[PDB]
Amino acid sequence: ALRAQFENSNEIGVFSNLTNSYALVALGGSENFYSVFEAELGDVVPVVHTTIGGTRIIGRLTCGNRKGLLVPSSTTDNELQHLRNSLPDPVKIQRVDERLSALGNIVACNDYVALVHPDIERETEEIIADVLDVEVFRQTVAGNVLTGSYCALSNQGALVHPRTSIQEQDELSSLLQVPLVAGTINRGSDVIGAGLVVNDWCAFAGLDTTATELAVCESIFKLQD
Amino acid sequence: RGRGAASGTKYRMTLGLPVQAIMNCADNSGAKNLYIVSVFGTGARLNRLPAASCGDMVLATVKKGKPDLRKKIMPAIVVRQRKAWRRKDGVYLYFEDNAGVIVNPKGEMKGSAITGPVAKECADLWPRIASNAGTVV
Amino acid sequence: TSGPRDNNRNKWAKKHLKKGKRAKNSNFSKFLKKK
Amino acid sequence: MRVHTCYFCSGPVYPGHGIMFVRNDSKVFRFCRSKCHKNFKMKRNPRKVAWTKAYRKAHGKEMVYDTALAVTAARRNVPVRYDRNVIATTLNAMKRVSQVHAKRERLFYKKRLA
Amino acid sequence: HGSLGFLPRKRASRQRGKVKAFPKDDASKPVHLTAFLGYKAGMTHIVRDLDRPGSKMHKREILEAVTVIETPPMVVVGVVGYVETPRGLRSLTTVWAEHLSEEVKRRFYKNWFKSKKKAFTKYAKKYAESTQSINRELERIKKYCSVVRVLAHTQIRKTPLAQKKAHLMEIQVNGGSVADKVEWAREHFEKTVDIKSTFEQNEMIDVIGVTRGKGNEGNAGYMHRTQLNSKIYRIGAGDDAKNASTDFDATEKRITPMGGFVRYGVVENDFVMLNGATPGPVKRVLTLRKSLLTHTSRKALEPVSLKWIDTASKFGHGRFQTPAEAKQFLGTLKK
Amino acid sequence: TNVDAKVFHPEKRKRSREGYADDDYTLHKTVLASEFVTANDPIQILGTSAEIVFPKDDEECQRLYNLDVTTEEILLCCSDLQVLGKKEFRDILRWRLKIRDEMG
Amino acid sequence: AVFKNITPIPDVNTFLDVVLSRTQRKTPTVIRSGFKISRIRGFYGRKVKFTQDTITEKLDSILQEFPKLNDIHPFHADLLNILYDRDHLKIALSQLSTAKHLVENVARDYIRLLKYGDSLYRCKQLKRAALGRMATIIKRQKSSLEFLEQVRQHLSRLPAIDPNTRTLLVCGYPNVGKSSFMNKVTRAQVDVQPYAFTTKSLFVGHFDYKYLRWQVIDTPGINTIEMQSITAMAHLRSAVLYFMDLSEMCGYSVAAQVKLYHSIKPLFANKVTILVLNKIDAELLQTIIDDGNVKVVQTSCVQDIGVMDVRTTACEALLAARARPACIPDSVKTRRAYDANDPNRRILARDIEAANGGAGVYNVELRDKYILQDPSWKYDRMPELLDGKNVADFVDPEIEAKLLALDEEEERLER
RNA sequence: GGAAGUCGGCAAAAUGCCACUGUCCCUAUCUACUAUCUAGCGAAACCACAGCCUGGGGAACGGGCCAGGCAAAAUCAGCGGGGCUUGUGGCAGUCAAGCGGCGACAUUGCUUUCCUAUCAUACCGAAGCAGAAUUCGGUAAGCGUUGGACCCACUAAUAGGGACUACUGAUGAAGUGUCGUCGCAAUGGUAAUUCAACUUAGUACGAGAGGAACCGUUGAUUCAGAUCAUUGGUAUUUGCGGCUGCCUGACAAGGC
RNA sequence: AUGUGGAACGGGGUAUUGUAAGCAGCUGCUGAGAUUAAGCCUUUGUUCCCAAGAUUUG
């Protein structure tokens, strides 16, 4: 795992997005943030220096996996054209004309399973299955609808609220077919999606995350090999 | 506590909510109303009532709410605005109702899910609100 | 706040005027000057 | 760089003109000018306003369809890789559309008058 | 309150903005002009990609209000030399051309119609028959004079106005030696100097004008002012049907808005697109000069790439840039 | 609350600053067409619900949508109940009464 | 308990000069005989009131910033009695408070009398009689202010010992290898010299082990230094790590060290003792080992071995007392981690920055990384608009064929 | 936005704790009249003589005097202006520089504009000042010193004080032959202010907790000067449309 | 003080409003009609006016 911060903010889940096929980072601000992502994934996956809707919070405004990427209807044609030019062919890009524009705060997805804010429209569910090629479950985490921000999820693990009950963790893990952990981040910051960005081989966390959590993410996401 | 942990910097925009104004509670923290008593970052402009805007922090009192959140003046982030404000893009925006969220001075909001549209400005500045936002336009 | 009347603001302003910052004003007028 | 169509008159809205109004239903309304904004504020139905495209097409004052040149236009949400050859023909095909649409609607009005 | 640097608040004793300061002359630089003279046609707005690093909208689209002023190429019609003296600059001599057009001759009379049109008859007559006096005077300028300022007059005939008296002013000549200035001045008699050879679409000029007269509120308005740091966005040519077409727009069009500029007319000459406000109302002559000083603030250095320029109808609420597009959208009228 | 006055007076927004629907995350409230017809409090439904939905899966909603009483104008107005004039609200109420009379 | 936040004390003369200078500068100065008697009275009362506020404001700052010995954790409380003689400190702190009321009473008295002033002079002397008294009141605490400044000066030097966190207190005879262990464990640099009593006072040092932070507080050997060590061991939740000079290279008899450890055993009660055999590479030991709590860990002080093992043993004792196929790319399995030294690390955008002007100047070429058939067009501007219509809506890789499939059709209509 | 203005629901608005309101933030626009100018008619109060300013003239220092600053006709419209004093108490004894018994310090006994005397911003010197934060002191009045009932927040800070002519705009005869164009510049005035965001950094420094700076760059506060592309406001474009009432025996037609 | 002269109308463009009477069977003639410079642009359109009077000027 890595400790990195955007500007002087620990919430690097907001300011960037990362999947098994690409990496999206904010623009015009700290290119040191681009350097951090490039230092670990520069020669493996493309690192796109992009923006969504003229904002630096692209991480919470998009949702994607190794196969497809989604953007809200608020994104410009120019920014969408930029993303498709930079991104390679095997990754599909789509505009999701959907109820709650912030896709990152409502949808957390991997290559095989996605968790969505129940309050999404049926056509959105259909296109997510069509694009992401994952099974869609309209469930909730810790009683909170914002699955994407409170459930940092990857191919080899997942993290949720420490508050959620043990039976709830077991239900989510069994329905996700992946080990799950109820942990914390950034010294009591319960927005796990907004603090931790994870792929199947690397993970980044805020600078304010202590060593105890970093060991926990290392164990659950098994980056040691 | 003003301008604190707000990531980058905010462009100038029209002033919508002067002192002693009522806004809806936007999150599900349990509050209904907020009352502006003071505005952070106001200079010595004579006979100028401090005013708030999207992405601004104001000392707020929960006028209508459960008594535990009441009786303690604390900062709040104005998340929406009714007065028309122009983006640097050029388009002019305005919402139906003045809305605000309940936030600690550090920047982490006290709610769990905010209701309705979110100003694109405040989502840019406040990553914590962007962490807990539903739809931003 | 350092005021624009500051002798050191004026001093460093000078050194900016002696980089390529002013070179893009020297030959920049030469553009029209050959027309 | 997007010239959206206004919600009330269906006329194009160029950057810098008009207003943006966001519904609490997360629906965004674009108005080309203050006239259309105010009319929406009183909540007049565009199907019953004498100078809107929606009203006009509700009474057949325009052709129902133009599949012009075998393809005319569609909002695209799955973008395409940029290519100089492709942009050139799309540039040519686009302006070849307008003259066809103009040519056809000229005879459409001729039929309507008679 | 009110600034004390702008009193006595009284009506300007001039209509054309006086350039009270010219850039410092440096002989290392060769010869160029230092000012110009245009007419405020009106303002529109633009959309631009913003390449300012660190700015919150780096590589993002903004919208900017731009002032369009039409500048038909000025005509150089004389040369003046000022000599340094302990009592200040003093105009030593003045030399003119042969063919001074009727536009500038009108400047010398309050009644051009009733006059006998007798300006510059003896001078032009002796100019042709004996050029030794002209050579002697230019010899004097290149021998004594240290500041060389050329008479240039604007071709108000081309402007869509009703005025006919051309405007006349003194553009200083910075660069080279005094001999180089006189040679440059003598090689441009009776010829025209175009704004494309004076400003280059990206530099940061200072705009001088007289404010719009608001009336009596003491006197308010109609004051001489000097905007600094006004940046050129686009120097267009009046001969091209692409002067309002960008690289992101195509759409063959002209800068003049739908229906002509309000209370000005139709701009069919070389024009300048400055940013923001400029002093004075429309159709008032503005003065443009190079900045007195080198300031390389990043705003003064960064390049500009206009994405789209607006030619809607400023006379109301326009919503169509070009009449072709209006016909395509609107159904075929009864006409 | 006085939602009937807002329904009957679409203009003159009362500058409502009270709260957000008692912790309702989404403002897109939808009322079933069959439920709306069967409802005995049309004023409350009109003042609260932002749209009247007639899903095709529901047999009652599909029958009401295909009914001759429900016209194109009625369906178009009911699609976005947030923006609807006084005449449209009266027309919607009359359509509901006509459908209820036909049903019983 | 960070004692560094205490403002520095003036030395009486400065205290009066600062107080008197403030009164002259911040309050009015000019008055004439012809003014109304109320104005004359109001003027001088303002100075008398103002100086009292200045004196009390300074005095209260001392009384609040100093730590209240009764309300603090008895570790630091017991540390301060040995260092600062709590009675002397309390007497000093109390005297300033008695001073604080005394200035108030004199100020109230002379303001009260001044209401009856009849001429400019009589108010002038009460003001002088005032200013003299609060000046003379303060001058009597010369010893108290000097004592507090010395106490302040040494308080700011003390290390903020951590009582809540897990700790490993180290104690023993002087020069018994404790300094070497502290240097090897804690990043702090404590001077190690053959001179005895090098550890003048307690030295605190934080260490990280088992994903947790432990505070090692070295104590002076064994008297004021011995009393500090005893008090530190008295109230501190920590494991005893006494180091015994097995080789007797420390200059003290092994039996003497055993006797000292037995004497300190009363303080070492209810703690995880450690029987460190210092200078192992370089009798009563069986009696000490019979206790069982002390763990016999050999420590090669001369050979500099076993320090890490001892720390690991101590930490362990303290802890006891308290289908989803992840297709990682093949390049990831052989990726060289970016470390700046080696040139191997591919350049980064951070490095392209510093060569090209730094932050705020370098314009990142956003178009510089499009996967594209050509890197020349890599700066081209794509059309966005034309004739009311967007270019974007028409971009189709097969659009040319839609245009040809057309050409037949229009040729049909014209015919 | 809805009592923050004001001692305050004064006056309108809402009808004939909630709610409304330009009282306020912060004013803007529109209408009539006065207003100004023109033709005519046409007073009175008041009047030693007059009308630039600084200092001084024993007082009362003034409009006349003295010493200066200065000073160019005729007017038009607004505004009414007209050697004190300070930062250090009182009683008693002891010295004792010394003078002629006092005896100096010390010792012991008890009880709008202006000023700088600078709150903030700039710099500076000292302090156990590691970093940060802070304390004291010096130069410094360029520039700020807030919003609400001693309080309670904001803020960089919410420092302490003194007090007919002129003023502001508008014409204007005239030397230099006349008129005009382009200029020169004596003198007068003057303007910018503060904050924090990215780096430089989690680096220097620190056991740790914590954690700066110069430089580069980016916005914001306040103030000033302009401007009307855009959005908003204003309606006598009485521009268009709708509604109410009235008329021609009727429809239309306009009407007010 | 006779000319890309000036004016009065008129046409076109741009605009504001929202589809005029009448006819025919709510619909179509009808984005119609009206207003458009009074501080909008332009005019090969039609007509007229001006190649003056007084005063002051070395």
# chains A, B, ... in the order shown; residues from 1 in each chain; ligands from 1
>>> select_by_dssp(residues="range 16-265 of chain G", states="alpha helix (DSSP H)", output="JSON, numbers by chain")
{"G": [16, 17, 18, 19, 20, 21, 22, 23, 24, 25, 26, 37, 38, 39, 40, 41, 42, 43, 44, 45, 46, 47, 48, 49, 50, 51, 52, 53, 54, 55, 56, 57, 58, 59, 60, 61, 62, 63, 64, 65, 74, 75, 76, 77, 78, 79, 80, 81, 82, 83, 84, 86, 87, 88, 89, 90, 91, 92, 93, 94, 95, 96, 97, 98, 99, 100, 101, 102, 103, 104, 105, 106, 107, 108, 109, 110, 111, 112, 113, 114, 120, 121, 122, 123, 124, 125, 126, 127, 128, 129, 130, 131, 132, 133, 134, 135, 136, 137, 138, 139, 142, 143, 144, 145, 146, 147, 148, 149, 150, 151, 152, 153, 154, 155, 178, 179, 180, 181, 182, 183, 184, 185, 224, 225, 226, 227, 228, 229, 230, 231, 232, 233, 234, 254, 255, 256, 257, 258, 259, 260, 261, 262, 263, 264]}
>>> write_last_selection(atoms="C-alpha atoms", output="short mmCIF file (atom, residue, chain, number, x, y, z; two decimals), in the first residue's frame")
data_model
loop_
_atom_site.label_atom_id
_atom_site.label_comp_id
_atom_site.auth_asym_id
_atom_site.auth_seq_id
_atom_site.Cartn_x
_atom_site.Cartn_y
_atom_site.Cartn_z
CA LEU G 16 6.95 48.04 35.34
CA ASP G 17 8.42 49.74 32.27
CA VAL G 18 6.19 47.70 29.95
CA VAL G 19 3.15 48.44 32.12
CA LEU G 20 3.95 52.14 32.51
CA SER G 21 4.90 52.59 28.85
CA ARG G 22 1.60 51.03 27.78
CA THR G 23 -0.34 53.42 30.02
CA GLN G 24 1.44 56.46 28.58
CA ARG G 25 1.05 55.34 24.97
CA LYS G 26 -2.50 53.95 24.85
CA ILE G 37 -13.63 69.06 36.68
CA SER G 38 -15.58 66.02 35.48
CA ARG G 39 -13.25 65.70 32.49
CA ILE G 40 -10.19 66.08 34.73
CA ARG G 41 -11.55 63.38 37.03
CA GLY G 42 -12.48 61.13 34.12
CA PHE G 43 -9.04 61.46 32.52
CA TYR G 44 -6.95 60.41 35.51
CA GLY G 45 -9.34 57.64 36.53
CA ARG G 46 -8.83 56.17 33.07
CA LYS G 47 -5.07 55.86 33.60
CA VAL G 48 -5.49 54.41 37.10
CA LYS G 49 -8.05 51.93 35.80
CA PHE G 50 -5.97 51.17 32.71
CA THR G 51 -2.78 50.28 34.58
CA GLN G 52 -4.73 48.00 36.91
CA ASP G 53 -6.14 46.16 33.89
CA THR G 54 -2.65 45.89 32.38
CA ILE G 55 -1.14 44.58 35.62
CA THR G 56 -3.95 42.09 36.26
CA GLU G 57 -3.93 40.93 32.63
CA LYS G 58 -0.22 40.09 32.86
CA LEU G 59 -0.58 38.51 36.30
CA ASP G 60 -3.55 36.33 35.32
CA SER G 61 -1.59 35.04 32.32
CA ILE G 62 1.07 33.66 34.68
CA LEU G 63 -1.53 32.19 37.03
CA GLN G 64 -3.37 30.38 34.23
CA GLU G 65 -0.45 29.18 32.09
CA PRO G 74 0.94 12.42 39.80
CA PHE G 75 3.81 11.36 37.52
CA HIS G 76 4.53 14.97 36.56
CA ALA G 77 3.29 16.15 39.96
CA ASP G 78 5.85 13.96 41.74
CA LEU G 79 8.48 14.97 39.17
CA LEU G 80 7.91 18.66 39.96
CA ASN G 81 8.26 18.30 43.77
CA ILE G 82 11.73 16.78 43.39
CA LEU G 83 12.71 19.44 40.85
CA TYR G 84 10.81 22.53 42.03
CA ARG G 86 5.92 22.21 45.24
CA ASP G 87 5.61 24.30 48.42
CA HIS G 88 8.02 26.91 47.06
CA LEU G 89 6.25 26.94 43.69
CA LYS G 90 2.84 27.13 45.38
CA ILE G 91 4.05 29.93 47.65
CA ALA G 92 5.39 31.77 44.61
CA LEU G 93 2.20 31.27 42.59
CA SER G 94 0.02 32.31 45.54
CA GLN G 95 2.02 35.49 46.23
CA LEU G 96 1.36 36.81 42.72
CA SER G 97 -2.35 36.21 43.29
CA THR G 98 -2.26 38.11 46.58
CA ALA G 99 -0.46 40.73 44.52
CA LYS G 100 -3.29 40.53 41.96
CA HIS G 101 -5.99 41.38 44.49
CA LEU G 102 -3.82 44.04 46.15
CA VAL G 103 -3.44 46.02 42.92
CA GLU G 104 -7.20 45.73 42.49
CA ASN G 105 -7.95 47.14 45.95
CA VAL G 106 -5.60 50.10 45.54
CA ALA G 107 -7.05 50.83 42.10
CA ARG G 108 -10.60 50.70 43.48
CA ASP G 109 -9.64 52.96 46.40
CA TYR G 110 -7.94 55.73 44.43
CA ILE G 111 -10.62 55.69 41.73
CA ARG G 112 -13.16 56.07 44.54
CA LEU G 113 -11.34 59.01 46.15
CA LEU G 114 -10.68 60.66 42.78
CA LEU G 120 -5.99 69.38 38.50
CA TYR G 121 -3.16 68.92 41.00
CA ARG G 122 -5.01 66.93 43.64
CA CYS G 123 -6.09 64.36 41.06
CA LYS G 124 -2.52 64.44 39.72
CA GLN G 125 -1.07 63.26 43.04
CA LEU G 126 -3.66 60.52 43.63
CA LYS G 127 -2.75 59.20 40.18
CA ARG G 128 0.92 59.43 41.18
CA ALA G 129 0.06 57.98 44.59
CA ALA G 130 -1.78 55.21 42.75
CA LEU G 131 0.95 54.46 40.21
CA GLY G 132 3.50 54.42 43.03
CA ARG G 133 1.58 51.85 45.04
CA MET G 134 0.92 49.26 42.32
CA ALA G 135 4.54 49.87 41.32
CA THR G 136 5.66 49.24 44.89
CA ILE G 137 3.30 46.26 45.23
CA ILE G 138 4.90 44.55 42.23
CA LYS G 139 8.48 45.31 43.28
CA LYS G 142 11.25 40.18 42.70
CA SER G 143 12.18 36.80 44.16
CA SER G 144 8.89 35.25 43.02
CA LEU G 145 9.11 36.42 39.39
CA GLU G 146 12.76 35.36 39.13
CA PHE G 147 11.98 31.94 40.60
CA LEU G 148 9.09 31.40 38.18
CA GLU G 149 11.17 32.43 35.16
CA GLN G 150 13.82 29.89 36.14
CA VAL G 151 11.05 27.32 36.65
CA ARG G 152 9.55 28.32 33.30
CA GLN G 153 12.95 28.09 31.63
CA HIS G 154 13.44 24.52 32.81
CA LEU G 155 9.80 23.47 32.29
CA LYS G 178 21.17 1.54 29.14
CA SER G 179 22.34 4.43 26.95
CA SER G 180 23.38 2.07 24.15
CA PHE G 181 19.98 0.35 24.19
CA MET G 182 18.17 3.70 24.16
CA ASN G 183 20.27 4.94 21.23
CA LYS G 184 19.73 1.72 19.28
CA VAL G 185 15.98 1.66 19.97
CA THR G 224 18.25 14.24 43.06
CA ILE G 225 18.88 12.04 40.01
CA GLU G 226 18.10 8.89 42.01
CA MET G 227 14.93 10.50 43.36
CA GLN G 228 13.82 11.33 39.81
CA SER G 229 14.41 7.71 38.77
CA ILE G 230 12.47 6.42 41.79
CA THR G 231 9.53 8.76 41.11
CA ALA G 232 9.50 7.83 37.42
CA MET G 233 9.33 4.13 38.32
CA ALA G 234 6.77 4.87 41.05
CA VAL G 254 27.58 -7.56 40.30
CA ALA G 255 26.48 -8.19 43.89
CA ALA G 256 25.96 -4.44 44.34
CA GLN G 257 23.76 -4.35 41.23
CA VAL G 258 21.78 -7.34 42.51
CA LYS G 259 21.32 -5.63 45.88
CA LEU G 260 20.15 -2.45 44.14
CA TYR G 261 17.71 -4.45 42.01
CA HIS G 262 16.38 -6.19 45.13
CA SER G 263 15.96 -2.82 46.84
CA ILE G 264 14.17 -1.41 43.77
#
>>> residues_around(residues="residue 86 in chain D", least_positions_apart="4", cutoff="7 Å", atoms="only C-alpha atoms (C1' of nucleotides)", output="ChimeraX atom specification")
/D:90 /G:395,397
>>> interface_residues(of="chain E", to="chain G", cutoff="12 Å", atoms="only C-alpha atoms", output="PyMOL selection string")
chain E and resi 49-56+58-60+245-253+297-299+301-303+305-309+319-330
>>> atom_distance(atom1="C1' of residue 89 in chain H", atom2="CA of residue 140 in chain G")
15.0 Å
>>> closest_residue(among="F:19, F:55, F:42, F:10", to="residue 115 in chain B", atoms="only C-alpha atoms")
F:19
>>> select_by_dssp(residues="chain B", states="strand (DSSP E or B)", output="ChimeraX atom specification")
/B:17-18,22-25,27,31,33-39,51-52,56-61,65,74-78,85-86,92-93,99-103,109,114,117-118,135-136
>>> residues_around(residues="residue 28 in chain C", least_positions_apart="3", cutoff="12 Å", atoms="only C-alpha atoms (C1' of nucleotides)", output="VMD selection string")
(chain C and resid 20 to 25 31 to 34) or (chain E and resid 29 32 197 to 204 301)
>>> atom_distance(atom1="CA of residue 171 in chain G", atom2="CA of residue 303 in chain G")
21.1 Å
>>> residues_around(residues="range 151-166 of chain A", least_positions_apart="5", cutoff="7 Å", atoms="only C-alpha atoms (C1' of nucleotides)", output="ChimeraX atom specification")
/A:108,110-111,142,178-184,190,192-193,196,198-200,220-221 /G:324,326
>>> closest_atom_pairs(of="chain A", to="chain B", cutoff="10 Å", atoms="only C-alpha atoms", output="CSV")
residue,atom,partner,partner_atom,distance
A:6,CA,B:7,CA,8.7
A:7,CA,B:7,CA,7.2
A:8,CA,B:7,CA,7.3
A:9,CA,B:7,CA,6.6
A:10,CA,B:127,CA,9.5
A:11,CA,B:127,CA,6.9
A:12,CA,B:127,CA,9.0
A:13,CA,B:131,CA,8.4
A:14,CA,B:127,CA,6.2
A:15,CA,B:127,CA,7.9
A:29,CA,B:8,CA,8.4
A:53,CA,B:137,CA,8.5
A:54,CA,B:124,CA,8.9
A:55,CA,B:124,CA,5.7
A:56,CA,B:124,CA,6.3
A:57,CA,B:124,CA,6.3
A:58,CA,B:124,CA,9.6
A:59,CA,B:131,CA,9.5
A:60,CA,B:131,CA,6.7
A:61,CA,B:130,CA,8.6
A:72,CA,B:137,CA,9.3
A:73,CA,B:137,CA,8.9
A:74,CA,B:137,CA,6.2
A:75,CA,B:137,CA,9.4
A:98,CA,B:135,CA,9.5
A:99,CA,B:135,CA,7.6
A:100,CA,B:135,CA,4.4
A:101,CA,B:135,CA,4.5
A:102,CA,B:135,CA,5.0
A:103,CA,B:135,CA,8.3
A:104,CA,B:131,CA,8.6
A:105,CA,B:134,CA,6.5
A:106,CA,B:134,CA,7.2
A:117,CA,B:134,CA,9.5
A:143,CA,B:112,CA,9.9
A:144,CA,B:112,CA,7.2
A:145,CA,B:113,CA,7.7
A:146,CA,B:132,CA,7.3
A:148,CA,B:131,CA,9.0
A:149,CA,B:131,CA,6.1
A:150,CA,B:131,CA,8.8
A:189,CA,B:108,CA,8.5
A:191,CA,B:131,CA,7.0
A:192,CA,B:131,CA,9.5
A:193,CA,B:131,CA,8.0
A:194,CA,B:131,CA,5.8
A:195,CA,B:131,CA,9.1
>>> interface_residues(of="chain H", to="chain E", cutoff="7 Å", atoms="only C-alpha atoms (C1' of nucleotides)", output="list in words")
residues 168, 169, 180, 181, 182, 184, 189, 190, 198, 217, 218, 224, 226, 227 and 229 of chain H
>>> closest_atom_pairs(of="chain A", to="chain G", cutoff="7 Å", atoms="only C-alpha atoms", output="tab-separated table")
residue	atom	partner	partner_atom	distance
A:31	CA	G:350	CA	6.3
A:32	CA	G:350	CA	5.5
A:34	CA	G:349	CA	6.8
A:35	CA	G:349	CA	5.3
A:38	CA	G:348	CA	6.7
A:39	CA	G:338	CA	5.4
A:40	CA	G:337	CA	6.6
A:44	CA	G:331	CA	6.1
A:49	CA	G:366	CA	6.8
A:85	CA	G:370	CA	5.3
A:86	CA	G:370	CA	3.9
A:87	CA	G:371	CA	6.8
A:88	CA	G:371	CA	6.3
A:112	CA	G:324	CA	6.6
A:155	CA	G:326	CA	6.1
A:200	CA	G:326	CA	6.0
A:201	CA	G:328	CA	6.5
A:211	CA	G:211	CA	6.1
A:212	CA	G:211	CA	5.9
>>> atom_distance(atom1="CA of residue 208 in chain A", atom2="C1' of residue 211 in chain H")
14.9 Å
>>> residues_around(residues="residue 57 in chain H", least_positions_apart="4", cutoff="8 Å", atoms="only C-alpha atoms (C1' of nucleotides)", output="PDB file with N, CA, C and O atoms (P, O5', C5', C4', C3', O3' and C1' of nucleotides), in the first residue's frame")
ATOM      1  P     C H  61      -7.672  86.758  22.835  1.00  0.00           P
ATOM      2  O5'   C H  61      -7.149  85.672  21.792  1.00  0.00           O
ATOM      3  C5'   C H  61      -6.448  86.061  20.616  1.00  0.00           C
ATOM      4  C4'   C H  61      -7.331  86.857  19.688  1.00  0.00           C
ATOM      5  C3'   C H  61      -7.117  86.627  18.193  1.00  0.00           C
ATOM      6  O3'   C H  61      -8.381  86.740  17.541  1.00  0.00           O
ATOM      7  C1'   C H  61      -6.821  88.908  18.683  1.00  0.00           C
ATOM      8  P     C H  65      -3.837  97.709   6.410  1.00  0.00           P
ATOM      9  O5'   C H  65      -3.004  97.650   7.763  1.00  0.00           O
ATOM     10  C5'   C H  65      -2.939  98.776   8.621  1.00  0.00           C
ATOM     11  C4'   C H  65      -2.067  98.506   9.818  1.00  0.00           C
ATOM     12  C3'   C H  65      -0.849  97.638   9.558  1.00  0.00           C
ATOM     13  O3'   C H  65       0.236  98.379   9.029  1.00  0.00           O
ATOM     14  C1'   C H  65      -1.971  96.887  11.506  1.00  0.00           C
ATOM     15  P     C H  66       1.015  97.869   7.723  1.00  0.00           P
ATOM     16  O5'   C H  66       2.150  96.926   8.310  1.00  0.00           O
ATOM     17  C5'   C H  66       2.944  97.354   9.402  1.00  0.00           C
ATOM     18  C4'   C H  66       3.593  96.187  10.100  1.00  0.00           C
ATOM     19  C3'   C H  66       4.216  95.140   9.197  1.00  0.00           C
ATOM     20  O3'   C H  66       5.499  95.516   8.730  1.00  0.00           O
ATOM     21  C1'   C H  66       2.929  94.081  10.870  1.00  0.00           C
TER      22        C H  66
END
>>> residues_around(residues="residue 23 in chain H", least_positions_apart="3", cutoff="8 Å", atoms="only C-alpha atoms (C1' of nucleotides)", output="ChimeraX atom specification")
/H:3,5-6
>>> residues_around(residues="residue 36 in chain H", least_positions_apart="3", cutoff="12 Å", atoms="only C-alpha atoms (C1' of nucleotides)", output="MDAnalysis selection string")
chainID H and resid 76:78
>>> decode(residues="range 264-268 of chain E", atoms="N, CA, C and O atoms", output="PDB file, in the first residue's frame")
ATOM      1  N   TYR E 264     -23.842  51.731 -34.364  1.00  0.00           N
ATOM      2  CA  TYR E 264     -22.578  51.970 -35.054  1.00  0.00           C
ATOM      3  C   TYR E 264     -22.657  51.700 -36.550  1.00  0.00           C
ATOM      4  O   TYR E 264     -22.354  52.595 -37.344  1.00  0.00           O
ATOM      5  N   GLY E 265     -23.060  50.505 -36.961  1.00  0.00           N
ATOM      6  CA  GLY E 265     -23.019  50.162 -38.367  1.00  0.00           C
ATOM      7  C   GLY E 265     -22.505  48.765 -38.634  1.00  0.00           C
ATOM      8  O   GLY E 265     -22.721  47.853 -37.832  1.00  0.00           O
ATOM      9  N   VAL E 266     -21.827  48.584 -39.764  1.00  0.00           N
ATOM     10  CA  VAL E 266     -21.277  47.298 -40.167  1.00  0.00           C
ATOM     11  C   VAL E 266     -19.770  47.447 -40.304  1.00  0.00           C
ATOM     12  O   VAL E 266     -19.293  48.300 -41.060  1.00  0.00           O
ATOM     13  N   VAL E 267     -19.026  46.612 -39.586  1.00  0.00           N
ATOM     14  CA  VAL E 267     -17.570  46.676 -39.578  1.00  0.00           C
ATOM     15  C   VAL E 267     -17.053  45.872 -40.765  1.00  0.00           C
ATOM     16  O   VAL E 267     -17.164  44.645 -40.789  1.00  0.00           O
ATOM     17  N   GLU E 268     -16.484  46.568 -41.751  1.00  0.00           N
ATOM     18  CA  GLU E 268     -15.921  45.933 -42.937  1.00  0.00           C
ATOM     19  C   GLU E 268     -14.450  46.280 -43.129  1.00  0.00           C
ATOM     20  O   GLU E 268     -13.947  46.227 -44.254  1.00  0.00           O
TER      21      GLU E 268
END
